[PDB]
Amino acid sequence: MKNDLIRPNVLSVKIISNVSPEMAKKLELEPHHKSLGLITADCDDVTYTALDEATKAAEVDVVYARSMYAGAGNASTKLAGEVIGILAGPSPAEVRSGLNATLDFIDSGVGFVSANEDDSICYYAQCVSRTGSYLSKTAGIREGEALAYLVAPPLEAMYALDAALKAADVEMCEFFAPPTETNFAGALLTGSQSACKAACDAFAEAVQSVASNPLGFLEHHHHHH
């Protein structure tokens, strides 16, 4: 029901030690990247946030991060979910430390929030109060700066992004144009921690507004047609 947290789930985790050179080349790894940590889950943006948290916890870089077409509910196999993440580090021990931090974050209480009775509309409005190396590079900001990580379905996201930008002293960093692979959209915005929180609150309120009344236009403006 509305305001319920949708629990995210990790599906698979593995380590590759001493990554083969042939794979290192196709993944465009750095010379010091000797080991990989692999993860899949049923929620991509929670996982991306978790991977960023991993870069604060261990000597790891996010070297691969992609979402699956049409999202987890349309996965055709058990472990595909809707995201694959790859951490790289100098040793299996560092990768292992990174993956443990990732897993712990995914199960920390974060998640998309439901906007209606059957959870058929949901959104992410996460204040990342201290970015790691992954999301700061994605956003083009300095490490440790704050972000509003805003995700919703396509029309809700566009409407609510406008609301969020107007509500808060925040800057556009990265636009997720609709559709991304999972048919969502949104943005990374930056500013002070209080401004990012204000943007998150406004984004959430705007998504809920659309969910509650998606076709109000018909009665107000399409009458006598």
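When you see a residue number, it is the position in the sequence shown, counting from 1.
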| query | finding |
| --- | --- |
| Which of 81-89 and 103-111 has higher mean CA B factor, as the PDB entry lists it | 103-111 |
| Of 181-189 and 24-32, the one with larger mean CA B-factor | 24-32 |
| Most elevated Cα B-factor in the entry, residues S67, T49, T55, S194 | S194 |
| Out of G98, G71, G140, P153, highest CA B-factor residue | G140 |
| B-factor third for the C-alpha atom of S12 within its chain | lowest |
| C200 by Cα B-factor - lowest, middle or highest third of the modelled chain | middle |
| For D45, the third of its chain into which the C-alpha B factor falls | lowest |
| Within-chain third of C127 by Cα B-factor, per the entry | highest |
| Ranked against its chain, the third holding the CA B-factor of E59 | middle |
